[PDB]
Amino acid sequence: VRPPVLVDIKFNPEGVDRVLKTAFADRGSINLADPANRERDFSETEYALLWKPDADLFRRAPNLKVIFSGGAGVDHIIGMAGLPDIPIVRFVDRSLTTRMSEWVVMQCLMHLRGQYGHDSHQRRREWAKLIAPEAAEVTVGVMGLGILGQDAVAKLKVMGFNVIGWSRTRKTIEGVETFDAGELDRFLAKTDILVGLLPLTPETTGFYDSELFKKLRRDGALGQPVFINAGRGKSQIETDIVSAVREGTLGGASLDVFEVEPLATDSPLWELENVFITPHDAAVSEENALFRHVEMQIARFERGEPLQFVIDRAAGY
């Protein structure tokens, strides 16, 4: 009899409870949301599935072997005190990845094609042909070449965009020019549409700012460069996005993530011209997908196979 899995996910409690009924069927779960677990013995607990966990969890469960992230980032856990020196496994999923690419490609196309202008004219019953360059005349610069960035690059290339990439260590992608950390300025100067798919770390906090927007390509086929972010909202300075759009440094933006969520009702971003807002719904983590992932990684671990998608603890993602 294997011990039950500890689950402390601070989102959608009724959904977590329901979906747990059919999860971990060989061992069960300990849902930290249940008041009946306030005094529970976690000394045998091997695996913990955590999203914004209680600060004292590691004192209560000192013999954990693996922590599984309960969402698609680890910024919710990576900085907390007393985080044990054991593997932390990211949540990744094929359906999530392909849905991020749908969003990224759609946003890039809407900027390329002038969706804002088309919509504005449509609402006013105005027939107004727009000029748009073909995708090959426009360079999309993808920042982050991980699971999401690699998929987005491939699909943007199929749609015809010129695509370049930037990541901390240069990533080899056949047929795509790729740049490493220190080449940021060179990469920005080549980029017409910036696509942000970075994790949140100290290095990427407040990273998309005024100075960065002013380094994007100014003489490209869209006229003015565009900023897209679906990584983490705390990576951008929203007041600088607003200023950049107003001043013509940016021609537009698409944002799925915000410094504070939900985005404040009074944010200037809602009504800014050529800006598309989605309410952090580009590619959400879902409970069944999460539990299948964790179950699979436990099955691997219990065969003595390596855990997959283990974060780089020193790098923080």
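Residues carry their position along the shown sequence, with the first being 1.
The deposited model assigns a higher average Cα B-factor to 166-174 than to the other stretch when 116-124 and 166-174 are compared.
Stretches 83-91 and 127-135 differ in mean C-alpha B factor, with the higher average recorded for 83-91. The entry assigns its greatest Cα B factor, within the set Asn63, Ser285, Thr278, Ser29, to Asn63. Among all modelled residues in its chain, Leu222 ranks in the highest third by Cα B-factor. Split the chain's modelled residues into thirds by C-alpha temperature factor. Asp209 is in the middle one. Per-chain ranking of the deposited C-alpha B factor places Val5 in the middle third. Among all modelled residues in its chain, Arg40 ranks in the middle third by Cα B-factor. In the PDB entry, a CA B factor belonging to the highest third of its chain's modelled residues is recorded for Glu203.
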